[PDB]
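>
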Amino acid sequence: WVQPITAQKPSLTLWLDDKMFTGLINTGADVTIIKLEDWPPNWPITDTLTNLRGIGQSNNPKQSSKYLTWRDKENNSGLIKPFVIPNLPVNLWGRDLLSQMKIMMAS
């Protein structure tokens, strides 16, 4: 059912939406970003982000908002609306989901 997380690496098995699956855990997440390759093909997704070149005031490419629900076999882990772009945003969860999952210095 569930897989034991070995060392802080992008590898772990928890359930999402309503079924178990694999994923990757980041030890330094700021904003939950999930690539488009994991988004509902039923409808397209687009957002407004920022791409500041300092001198080249630019804007980042729209990233879906479709929120994902990741929960460990214990029936809990974290779920929030991430950013999904068809360019592979490094697939990272949010500091909230990570902190809980196994990032917060629980001591």
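Here the sequence shown stands for residues 761 to 867, numbered as in UniProt numbering.
Note that CB positions come from ideal geometry on N, CA and C, so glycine has one too.
For residue 825, does the three-state DSSP call read helix, strand or coil?
coil
> Kindly indicate which residue of 770, 779, 771 and 766 has the alpha-carbon position closest to the one of residue 834.
Ranking 770, 779, 771 and 766 by Cα distance to residue 834 puts 779 first.
> To which residues of the same chain is residue 810 closer than 7 Å at the C-beta, ignoring the five residues directly before and after it?
819 and 820
> Once DSSP output is grouped into helix, strand and coil, what is the label at residue 763?
Here residue 763 sits in strand by DSSP.
> Just to check my reading of the structure: residue 785 and residue 849 have Cβ atoms closer than 8 Å, yes? What is that Cβ distance to the nearest angstrom?
Beta-carbon to beta-carbon, residue 785 and residue 849 are separated by about 15 Å, too far to satisfy the 8 Å threshold.
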